[PDB]
Q: 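I am attaching a structure below and will ask some questions about it afterwards.
In what follows, chains carry the letters A, B, and so on, assigned in the order in which the sequence lines appear, proteins first and then strands, with residues in each chain numbered from 1. Just so it is clear, the values below take in all heavy atoms, side chains as well, and ignore hydrogens, waters and symmetry mates.
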Amino acid sequence: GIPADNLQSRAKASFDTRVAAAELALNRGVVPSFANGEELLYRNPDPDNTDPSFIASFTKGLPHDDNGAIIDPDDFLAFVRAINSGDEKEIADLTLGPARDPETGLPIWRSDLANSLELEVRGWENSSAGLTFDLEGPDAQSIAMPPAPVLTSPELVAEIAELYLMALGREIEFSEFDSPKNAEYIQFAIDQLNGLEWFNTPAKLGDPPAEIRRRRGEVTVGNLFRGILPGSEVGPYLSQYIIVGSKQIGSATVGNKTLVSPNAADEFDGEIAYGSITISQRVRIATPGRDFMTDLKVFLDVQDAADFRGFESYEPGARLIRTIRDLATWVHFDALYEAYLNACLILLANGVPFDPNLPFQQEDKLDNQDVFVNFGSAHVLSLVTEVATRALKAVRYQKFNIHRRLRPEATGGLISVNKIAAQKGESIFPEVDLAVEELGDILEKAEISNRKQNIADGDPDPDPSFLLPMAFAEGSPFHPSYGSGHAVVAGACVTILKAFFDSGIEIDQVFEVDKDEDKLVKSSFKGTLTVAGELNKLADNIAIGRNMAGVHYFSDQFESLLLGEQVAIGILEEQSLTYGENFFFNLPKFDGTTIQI
Amino acid sequence: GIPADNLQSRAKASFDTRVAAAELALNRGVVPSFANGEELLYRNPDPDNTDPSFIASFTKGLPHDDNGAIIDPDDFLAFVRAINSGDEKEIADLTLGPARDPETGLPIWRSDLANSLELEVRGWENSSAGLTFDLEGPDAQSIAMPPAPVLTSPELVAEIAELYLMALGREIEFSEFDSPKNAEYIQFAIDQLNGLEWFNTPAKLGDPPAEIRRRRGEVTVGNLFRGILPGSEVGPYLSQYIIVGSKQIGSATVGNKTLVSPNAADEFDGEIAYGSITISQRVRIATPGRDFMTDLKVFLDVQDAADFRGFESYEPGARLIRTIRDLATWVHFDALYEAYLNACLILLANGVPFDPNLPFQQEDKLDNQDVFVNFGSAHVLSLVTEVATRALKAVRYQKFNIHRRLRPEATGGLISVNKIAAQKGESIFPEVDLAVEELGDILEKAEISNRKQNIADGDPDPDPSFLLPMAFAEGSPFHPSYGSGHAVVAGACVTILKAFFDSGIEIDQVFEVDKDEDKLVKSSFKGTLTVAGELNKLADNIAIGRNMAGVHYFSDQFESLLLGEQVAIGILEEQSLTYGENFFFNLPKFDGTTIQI
Amino acid sequence: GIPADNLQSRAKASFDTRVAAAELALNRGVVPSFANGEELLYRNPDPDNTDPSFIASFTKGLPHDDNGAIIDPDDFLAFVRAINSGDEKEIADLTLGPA
Amino acid sequence: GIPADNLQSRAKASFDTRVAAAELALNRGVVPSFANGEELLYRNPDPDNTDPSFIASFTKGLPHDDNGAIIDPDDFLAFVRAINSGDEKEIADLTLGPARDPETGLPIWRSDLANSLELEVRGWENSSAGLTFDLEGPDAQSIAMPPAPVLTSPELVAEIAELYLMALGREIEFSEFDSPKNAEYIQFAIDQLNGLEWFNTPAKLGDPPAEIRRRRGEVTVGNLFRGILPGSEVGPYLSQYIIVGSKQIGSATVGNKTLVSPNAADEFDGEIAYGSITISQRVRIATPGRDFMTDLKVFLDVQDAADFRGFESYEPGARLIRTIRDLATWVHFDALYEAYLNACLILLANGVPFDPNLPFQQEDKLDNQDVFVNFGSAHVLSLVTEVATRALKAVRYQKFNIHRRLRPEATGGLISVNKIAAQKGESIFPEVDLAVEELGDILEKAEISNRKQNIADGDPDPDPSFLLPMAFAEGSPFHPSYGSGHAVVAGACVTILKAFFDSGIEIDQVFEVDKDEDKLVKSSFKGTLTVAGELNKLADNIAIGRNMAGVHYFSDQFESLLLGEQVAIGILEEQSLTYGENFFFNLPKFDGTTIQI
Amino acid sequence: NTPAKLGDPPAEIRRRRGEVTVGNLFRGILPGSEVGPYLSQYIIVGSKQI
Ligand SMILES: [Ca+2]
Ligand SMILES: [Ca+2]
Ligand SMILES: [Ca+2]
């Protein structure tokens, strides 16, 4: 007899398809995640005490002493138990914030400001989201981020140095990095970083492969404060997709006839056509020069959960992203996949072709088929948004269940406490001794900046402070530093867009923001940019934006980008079981190779 | 020994969770889909001929004769085979468009206009997406829409009468429905519809339950051109969520202190806060009074695949939705889940509470937990968008594989050809004899209106034409009438939003578009509106927008909203297997009852 | 009692040996294959054109212009589809050779 | 819903394909093999003894007495146990060869020759290879060869008669069978065989179907010493594929142009093009007239395992196969599938088309596809060689585990001992009484031939000897007679080639070896030969070659050919599960019917 | 004329060649290929005979 397949009922075929995808996901196997050893390494310095100090772990919200170390180690140990269980009552049983006033019920803060506002505590943000399963993609716990840099490492000295330089450069305009007015500060930044071992010496044979891949070399004006994804170091700083508008309704080609929209100029003035309405690319403007958490007492109340959310002030109006601070503001409130949805919308309105290895992409006289639900605009619009929560579950597992890395504000608090005490002949937080010894010039600049901030805040004669100035009043979100929610969603989302569109398409005209007015001008850049490169640049924009705000380190961002790429690849592989058609997605990965799915 | 369950590895628990959800979906069972019987009922009227005419079936793209009937029945029978097969080569072998010129290779059209433009053909949009499986939700084929109205039915005469009245009323302003200057037309519309059996007589015991559910009664100024979802018929015609902006960045409560955004007024000028940038509610303005496909030759060219997409003219600028035509323009280009994502963003910025039966919703002093990834803003933002393509797969199965119902333009074609022939004492398309007999007054107004259009278009002395005027140059999309892509996505998306938010929350101040100016005014409505009621209204606004453009009937829209609700409910049920927490979604259904999931 | 294994018929032992070897091969797992990225990197140099050139890809057999670049990108895209499908009729529908 | 298949991962599909082939092989079921009863039938003739004699079983290597019967029956019974177990130690524990000298450790032989050479013992050659499984094809034990002829049967009298006639005809030239010089011997052979019941009387109703199929009728010059596969009895004795060379490099057709190789004449001088080098068809030349094991003492040392391998002498040079002895030499050293690989190579070089029911066999302008890996030269070259070890495992099971039939040399030893003793008024080996009684004329010829051989060997006055003269010094290989390794590989290999090529192609020019020179001449044969017939002839050449050497009987060969055919058919059926293409192999079987696989 | 750099793909490091000489000109890198004569004994010698 002649060998055959057999049919079954549609219901059974749907069931078997879903089981086959689960089985594909299972057969990938799993890998363990490894932490850096700090959690139990560092100890309480008190004689007659057998406790870890937990100073290099995320403890925001747990009650801290006057130096920013936690008071009761059981408070952190209980927090870890609650993270791994997820039980609601166990979370409600934890200790949050400082001691309370018997009569009002209010938390007693250290600062005059927090007390005058009568601030309450804010809580941890999905501390057990790493336990949730999902109907599609790699399980949250099946994949890994490598060990975070340690406080004593050359890597961390370079990372925190970079963040202080960003904080002090917040009022610099992107289009003015090369201007004589900025020459003194910019060159100080470049010289300071090139003075650090991480940047001035290469990796050694036998170093961890992950460290080798993320290590950076010579700092230039062309790479200052940039990422390392391919495309990011080429051309102007900001991706086209965060400043330009799009083609508008009424511009169209109908047979041999060209129609021009009456609103065509909106394209070059920051308006994305959004169906039949618009999106404006102009960001709200945070008070220039105003930074937060530069006073130790305010800083400590924040570390004890004082809810400063919403305390910022703003100038009237809006403007295309202009300064380093404006990018921090952009990533303060963005709605999840916002940046990538907006890039997707620009790409559709401008008629950039989809990946040519999908079906039905030919002229319709040839294939008799147009695209929408599958292989078209609706398909890409669902996929770019859907991968986001899957990427987030994975990064929550790393954040809370594995690494619990302290945010940069807390590293600056150790540095400041360490430096102040050393000046009076004492040692506190010897773990950051290298940073204090090496970053002398930068910290003196921070000290001067912070004195000015504390005076404007109402303190005529402030204690010296070497704290890292924050763009936001509340500083970091209420969850650990490693990895990043913003950068994981960025990795996932741009992976989808590179794969779905013909990502090799070249950009025709390159723009940047004008030096003198709030408008777009033609860039003088002479090379060629591609859609894929500008998508990568966009991912690196949103991710470094968090760093410029003072809430992530370089390593958090890069390693999260790679994690999100893995989640998105996995979802595409599982979904491929559901189509009858003959096709694949061509994906140029962050490492410069291509996978066909 | 004491009864127990046991642990297994994380990877196996994930696999088992996915199979369990596939099993829950399989255990729902499946139901068949029944068509109305027209496809093989209507016959070619020539004697010595043995073919179905297919005149009540979607045939856009197949070659038509001078009356709008397909020339070769095998062209349709082959289209049906390719739909059920999905094979790309079988699709490319279909006949699309008219005869081509041997030397240029271009289609030869009937109209001077299509030939001067040298138009090519456009093709069917995912004619086999109904075969596609999905990793979550009900399979596309497991659910059904009921049989569509037939051409000889009171329901159909009512439906097509309404669409003409919408087309002739496209320049009527919403804020002026009840106003003296529109009294004559508005009362003509109301009297005409109340003169039809479907509206002036109730259903009879023994009629299909789906007919009883969707039949409408007495037409009034308060229900004219509205939907029937609970909430749609109270208060102003347009949902608050398609005309109002939102609270802006800088308005906040920080402890005992209230801060005010410098841009607070943007809320009442239709700017939605979109992260740190904005969306504007102002729509593009299509040239008032210009309709399309009012000439028989141009109409036939469109039925033969002539690609007129992009041919509309616009005025400068943008305005809040003012006329019926403006709603048509809104739904011509909207990106998928656009209306519902924008409502979601307004609800988030204004701080409307999440469903209180979710976890972690209490003040953090009580529960020690805030929300984002699960049960917060990122969760709802991903959920509202991801349901869209699963709903689109199900409606594609109903569109192409089951019902293949002709679009309203094609019904209009049959009415026009029948009336013109009857004046010469000839009978063509007797199937629409009843609409032709009962809609005399409406059809005389259409003929005058069509003459004025054909004169504008450059015809010095137009033949008489009773065609349904189209808001769009290309008419309907390239896929069947029943059901609707817009309405199915609306049903699914508003289902997610009502379940995730505390949808019982009452709206504070109710707005409307001003009679004199491009701005909002406070409405005189006294009564209370709820979030759930305004979300339903929003779904009805987008769905009836399609009707006002001339591209769907009433029954397409209502039956599609029911189907999209089913899809969203199923996705929520299967996903509930993925969480450790104790919680549910409370969802007020379209039928007035509540399911807890 | 003393632990033991047991005999079965020769035919079943042969069947089981073959499945066991299939299982050993399945339990090795699989790895993906990564290409160098050229195929969609290099573009047609004409302005107002939106195609990959495919110049670094094997195109022997598809029609070439006077410089050795393929004339019609759809000829290559169809070749790639037929490769992944294997269907004999799809292969016979490709364009092979000049006019 | 519409009935469907579903996809799974490539890995699972490969696994399921391999399991499905195993299941196909299992569902064939199995059959038992039946032996002829001799093993326990014949008894020791000693009074006061209850032992089988095992005289009709293979016992080569076990110590024999002066009449060639085994000394200790436990030695054979242990050998049988070792065969069915395969355990290495159990095999090492067996008794091999005669008694040994306490000082040197050397075996003490009967003959002066074996002692002067200091010969050691040789061992059994894979006595348990019938226990090994395989990843593809029918299991070794699932199939059967029927009972071997018994010593008392008319069949065996005819078989051993034939072998003595071959041995005495070793210096006859194939091209001279019909010559007056050879008339006396050739006619003696034909008359002697036609005098035997097997050949002169047909089978009877009720005889075993296997016997009916292999029974031979009237002996003629045209069928003398030939096989019975279809094609073998037509045209010259030797297959074209064992004498002709092939088309050579540089002979080619390029469009409308014919190129001629400078080496074109090599074709007709026995050179097969072997890639870019050559194979010569000229065989080494064994000393004409020199035969072995014609002295009882030498014969007995061989039966006791005396390793005479490599003792032959040769004339210098090489020549196309010329005499019956040259064919014996050919099959003394051939490398497994050698003959069939060489035929395959001739067929490829000469451009014989593949089976037209495979894919892609049309002109490339029609199918856009050439062949190599699948359905081409590489495919056939792997398949023709791969089936050989699978065929061998099956024949080892029959040889060792089932039948243990004695080789022809041992039958001649019984005949000689029987005849010598009868002349002195005694009875030994009454089992061969019929052979001795009937073969009088042939044995007297053997006696004269053997006297001459023993004189040339250095014995001036030799004892009379009626032994069967051997072509090889060692006689048979160290494994039983039924079936044959050579003939099973032949059956398997030519089955592959008939199926893979268009086996109905007719041969254009027929050649044979020249009567007077070492060269090829055109045959005067007037009919038509096909590729399939000449492939069958080749199988029968190699198989009868073993008989001409003195090491197999007719029945061994034919029944092994049928066994190999079954193994090759089974492998093709299991492999057919692995292809996506639509095709089959057309196979003309040995029985004259065709199977499509 | 230059070695691989730390961080290059491992497959590149494995296959990169160094200084070209008369002894390695046009040869492979499998162990054994770069010692003795260019052609393998097995493509030029015959064998022991019958
Ligand atoms: Ca197309
Ligand atoms: Ca809470
Ligand atoms: Ca071919």
Q: Please classify the contact between A:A305 and chain B as side chain, backbone, both or neither, with a heavy-atom cut-off of under 4.5 Å.
A: neither

Q: Nearest 0.5 Å, please: how far is CG in A:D134 from OG1 in B:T17?
A: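 B:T17 atom OG1 to A:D134 atom CG measures 10.5 Å (nearest 0.5 Å).
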
Q: How long is the span from the CD1 atom in B:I242 to the CD1 atom in A:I277, to the nearest 0.5 Å?
A: 7.5 Å

Q: As an exercise, state the distance from CD1 of B:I249 to NE2 of A:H332, rounded to the nearest 0.5 Å.
A: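 Reported value, rounded in 0.5 Å steps: 8.5 Å.
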
Q: Tell me, out of B:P477, B:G61, B:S14, who's got the most heavy-atom pairs with chain A below 4.5 Å.
A: B:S14

Q: Whether A:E363 and B:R122 form a salt bridge (side-chain N of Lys/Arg under 4.0 Å from carboxylate O of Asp/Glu) is what I want to check.
A: no

Q: Based on non-hydrogen pairs under 4.5 Å, which of B:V283, B:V387, B:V121 is most in contact with chain A?
A: B:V283

Q: Which bit of A:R28 is near chain B, if near means a heavy-atom gap under 4.5 Å: side chain, backbone, both or neither?
A: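 No part of A:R28 comes within 4.5 Å of chain B.
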
Q: Would the distance check show the side chain of A:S276 and the main-chain N or O of B:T329 forming a donor-acceptor pair, the cut-off being under 3.5 Å?
A: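 Such a contact is found between A:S276 side chain and B:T329 backbone.
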
Q: Counting heavy-atom pairs closer than 4.5 Å to chain A, which one of B:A306, B:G86, B:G255, B:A318 comes out on top?
A: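 Between B:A306, B:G86, B:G255, B:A318, the count favours B:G255.
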
Q: Measuring heavy-atom distances to chain A, does B:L135 have an atom under 4.5 Å in its side chain, in its backbone, in both, or in neither?
A: both

Q: Is A:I272 close to chain B through its backbone or its side chain, or both, or neither, when contacts mean heavy atoms under 4.5 Å?
A: neither

Q: Please evaluate residues A:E120 and B:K365 with respect to the criterion side chain to side chain contact (heavy atoms under 4.5 Å, CB included), reporting the C-alpha separation (whole Å), side-chain torsions for both, the decisive distance (0.1 Å), and the verdict.
A: CA-CA 8 Å; A:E120 255 301 344; B:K365 62 177 198 156; 3.6 Å; yes

Q: Taking every non-hydrogen pair under 4.5 Å, which of A:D139, A:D307, A:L348, A:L577 racks up the most with chain B?
A: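 Looking at each option in turn, the highest pair count goes to A:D139.
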
Q: Of all residues at least two apart in sequence or in a different chain, which pass the side-chain contact (heavy atoms from CB on, under 4.5 Å) check with B:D16?
A: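 For B:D16, the residues satisfying side-chain contact (heavy atoms from CB on, under 4.5 Å) (neighbours in sequence not counted) are B:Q8.
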
Q: Chain A: which of B:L383, B:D364, B:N256 shares the most heavy-atom pairs with it under 4.5 Å?
A: B:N256

Q: Taking side chain as everything from C-beta outward and backbone as N, CA, C, O, which of these in A:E271 sits under 4.5 Å from a heavy atom of chain B? Side chain, backbone, both or neither.
A: neither

Q: Look at atom CG of B:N582 and say whether more than 12 heavy atoms of other residues, nucleotides or ligands are closer to it than 6.0 Å.
A: no

Q: Looking at B:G317, B:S313, B:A273, B:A388, which makes the most heavy-atom pairs under 4.5 Å with chain A?
A: B:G317

Q: Quick one, B:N374 with A:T132, criterion side chain to side chain contact (heavy atoms under 4.5 Å, CB included). Give me CA distance, side-chain angles, the key distance, then yes/no.
A: CA-CA 9 Å; B:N374 290 340; A:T132 316; 3.0 Å; yes

Q: Answer yes or no: is there a donor N or O on one side and an acceptor on the other, between the side chain of B:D367 and the main chain of A:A92, under 3.5 Å?
A: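 Not a single qualifying donor-acceptor pair exists.
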
Q: Counting only heavy atoms closer than 4.5 Å, note whether A:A21 contacts chain B via side chain, backbone, both or neither.
A: both

Q: Think A:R10 forms a cation-pi with B:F133, using NZ or CZ under 6.0 Å from the six-ring centre and within 45 degrees of its axis?
A: yes

Q: Counting only non-hydrogen atoms closer than 4.5 Å, does A:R282 touch chain B with its backbone (N, CA, C, O), its side chain (CB onward), both, or neither?
A: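 It is the backbone, since no side chain atom gets that close.
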
Q: Which heavy atom in B:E315 sits nearest to a heavy atom in A:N263, and how many Å separate them?
A: O-ND2, 3.8 Å

Q: Is chain B contacted by the side chain of A:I279, its backbone, both, or neither, given a heavy-atom distance below 4.5 Å?
A: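 Its backbone and side chain both get close to chain B.
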
Q: Taking the side chain as every heavy atom from C-beta outward, state whether B:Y579 and A:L131 have any pair of such atoms under 4.5 Å apart.
A: no

Q: Taking every non-hydrogen pair under 4.5 Å, which of B:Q362, B:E118, B:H479 racks up the most with chain A?
A: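 Maximum pair count with chain A is reached by B:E118.
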
Q: Under 4.5 Å heavy-atom distance to chain B, tell me which part of A:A25 shows up: side chain, backbone, both or neither.
A: side chain

Q: Can you find a heavy atom in the side chain of A:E312 that is under 4.5 Å from one in the side chain of B:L259?
A: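 A:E312 does not reach B:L259 side chain to side chain.
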
Q: Any ion pair linking A:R309 and B:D370 (charged N to carboxylate O, less than 4.0 Å)?
A: yes

Q: Regarding A:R18 and B:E574, does a basic nitrogen lie under 4.0 Å from an acidic carboxylate oxygen?
A: yes

Q: When rounded to the nearest 0.5 angstrom, what distance separates OG in B:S382 from CZ in A:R390?
A: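 B:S382 OG to A:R390 CZ: 5.0 Å, rounded to 0.5 Å.
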
Q: Please classify the contact of B:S9 with chain A as side chain, backbone, both or neither, using a heavy-atom distance under 4.5 Å.
A: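 Contact with chain A is absent: no heavy atom of B:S9 under 4.5 Å.
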
Q: With respect to chain B, which residue among A:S142, A:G310, A:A286 yields the maximal number of heavy-atom pairs within a distance under 4.5 Å?
A: A:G310

Q: For each of A:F308, A:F372, A:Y314, tally heavy-atom pairs with chain B at distances under 4.5 Å, and name the one with the top tally.
A: A:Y314

Q: Quick one: pull up CD in A:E581 and CD in B:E88 and give me the separation to the nearest 0.5 Å.
A: 5.5 Å

Q: Quick check for you: among A:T578, A:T385, A:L94, A:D93, which has the greatest number of heavy-atom pairs under 4.5 Å with chain B?
A: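 Highest number of pairs under 4.5 Å: A:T578.
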
Q: For chain B, which candidate among A:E125, A:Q141, A:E136 shows the most heavy-atom pairs at distances under 4.5 Å?
A: A:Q141

Q: Roughly how far apart are A:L336 CG and B:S377 OG, rounded to 0.5 Å?
A: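 These two atoms lie 7.5 Å from each other.
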
Q: Checking A:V30 against chain B: side chain, backbone, both or neither under 4.5 Å from a heavy atom?
A: side chain

Q: Under a 3.5 Å distance rule, please check whether B:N368 uses its side chain to pair with a backbone N or O of A:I91 as donor and acceptor.
A: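 Judged by distance alone, yes, a pair lies under 3.5 Å.
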
Q: Is A:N126 in contact with chain B via its backbone, its side chain, both, or neither, using a 4.5 Å heavy-atom distance?
A: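 For A:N126, heavy atoms of backbone and side chain both lie under 4.5 Å from chain B.
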
Q: Find the one option among A:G275, A:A335, A:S116, A:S261 whose heavy-atom pairs under 4.5 Å with chain B are most numerous.
A: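 Most heavy-atom pairs under 4.5 Å with chain B: A:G275.
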
Q: Would you say the side chains of A:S127 and B:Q369 form a donor-acceptor pair under 3.5 Å?
A: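 Per modelled atom types, A:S127 and B:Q369 side chains form a pair under 3.5 Å.
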
Q: Any side-chain heavy atom of A:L119 within less than 4.5 Å of one from B:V254?
A: yes

Q: Checking side-chain polar atoms at under 3.5 Å, does B:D334 have a donor or acceptor matched by the opposite partner on A:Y274?
A: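 Absent: no donor and acceptor within the cut-off.
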
Q: So for A:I285, is it side chain, backbone, both, or neither that comes closer than 4.5 Å to the heavy atoms of chain B?
A: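 A:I285 has no heavy atom closer than 4.5 Å to chain B.
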
